[PDB]
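> following this: a sequence and the matching experimental structure.
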Amino acid sequence: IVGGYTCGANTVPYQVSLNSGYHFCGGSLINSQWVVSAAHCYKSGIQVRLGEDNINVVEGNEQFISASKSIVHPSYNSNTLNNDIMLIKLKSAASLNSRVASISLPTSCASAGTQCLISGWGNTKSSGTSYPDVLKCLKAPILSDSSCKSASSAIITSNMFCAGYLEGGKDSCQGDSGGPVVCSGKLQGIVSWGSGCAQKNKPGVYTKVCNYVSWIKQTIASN
Ligand SMILES: [Ca+2]
């Protein structure tokens, strides 16, 4: 997250960190046994870390659980990043509490102008690299479709939406991928991609979760 602020320990109870000897992506807990993240974050040997704040020190409240299976969307395209969504089933059910809670799936899509909260342990600099120890937060509005399509270099599909600031300075970034975009208490987006980070006229692009609710439910129910 670039230009964001320190969230505060466990204030984002649904935030997850995907780990393979190091933090490589974020995710969102949607129920005691399932996490939603980005398909481009797929990898074998994933350990899910819940209740995290400082990802480099054990502070208490953390729950480390191995992934028993990762389900990348069948129509995911690595070239365009269309359908950049993945479901991870935990080997064991997480112990839900005040610091580890699930986030609700949307019943309808969010409209332009809606304010949302994006979070993660990704790069905090537009130029160069600097990874934080603690979870970062950023409030950003969903942009209109016309502005989204006019500013994006690559193709923006109906399964994506833009969020952020056209003036630059505030955006999600490398390492935040797979993370949550929550608006009105519902998970509306997944950090997917962008052109650089916090650049002028280059807002972040996210996976539009409201288009995958049925798929999420059907997949979880049959696994
Ligand atoms: Ca920790």
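Good, I have the coordinates. Residues are numbered from 1 along each chain as shown.
> for the chain, give the helix that spans the most residues.
Counting by DSSP state H, the longest helix found in the chain is helix 213-221.
> against residue 149, how distant is the residue most central in space within the chain?
Closest to where the C-alpha atoms of the chain average out (Cα atoms, centre = their mean) is residue 179, at 1.5 Å. For residue 179, the distance to residue 149 equals 23 Å [Cβ to Cβ, to the nearest Å]. Heads up, the C-betas are built off the backbone N, CA and C, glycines and all.
> that older thread, once you drop chain neighbours, what's closest to the residue nearest to the centre of the chain?
Spatial nearest neighbour of residue 179, chain neighbours left out: residue 26 (3.3 Å); criterion: Cβ to Cβ, 6 or more residues apart in numbering.
> which residues does residue 87 bridge with?
Beta bridges link residue 87 to residue 36, residue 71 when assigned by DSSP bridges.
> was I right about it contacting residue 219?
Yes - with contact defined as Cβ atoms under 8 Å, residue 87 reaches residue 219; the gap is 5.8 Å.
> show me whatever sits in contact with both of those two.
residue 71 (Cβ atoms under 8 Å, 6 or more residues apart in numbering).
> about what we covered before: what helices or strands is the longest helix of the chain leaning on?
strand 86-90 (3 or more Cβ pairs under 8 Å, 6 or more residues apart in numbering; DSSP states H and E).
> can you list contacts of the strand it packs on?
With Cβ under 8 Å, 6+ apart, strand 86-90 has contacts from 18, 27, 32-39, 41-42, 46, 48, 65-73, 76, 178, 216, 219-220, 223.
> can you flag the buried ones in those?
18, 27, 33-39, 41-42, 46, 48, 65, 67, 70-73, 76, 178, 216, 219-220 (16 or more other Cβ atoms under 10 Å).
> which stretches in the protein count as strands?
Taking DSSP state E, the strands of the chain run over residues 5-6, 15-19, 23-31, 34-37, 47-50, 63-72, 86-90, 115-120, 136-141, 160-163, 180-183, 186-193, 204-208.
> as a markdown table, these with distance to the ion would be great.
Converted to a markdown table, the strands of the chain look like this (distance: least, Cβ to the ion, whole Å):
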| stretch | distance to the ion |
| --- | --- |
| strand 5-6 | 14 |
| strand 15-19 | 9 |
| strand 23-31 | 10 |
| strand 34-37 | 17 |
| strand 47-50 | 8 |
| strand 63-72 | 10 |
| strand 86-90 | 18 |
| strand 115-120 | 15 |
| strand 136-141 | 15 |
| strand 160-163 | 28 |
| strand 180-183 | 18 |
| strand 186-193 | 21 |
| strand 204-208 | 26 |
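> and those strands: which comes nearest residue 96?
strand 23-31 (8.5 Å; Cβ to Cβ).
> so what touches that closest one?
13-18, 35-38, 41, 43, 48, 50, 55, 88, 94, 100-103, 105, 119-122, 131, 175-180, 187, 190-191, 216, 220.
> how is the protein partitioned into domains?
Using curated CATH domains, the domain parsing of the chain gives 1-12+103-210, 13-102+211-223.
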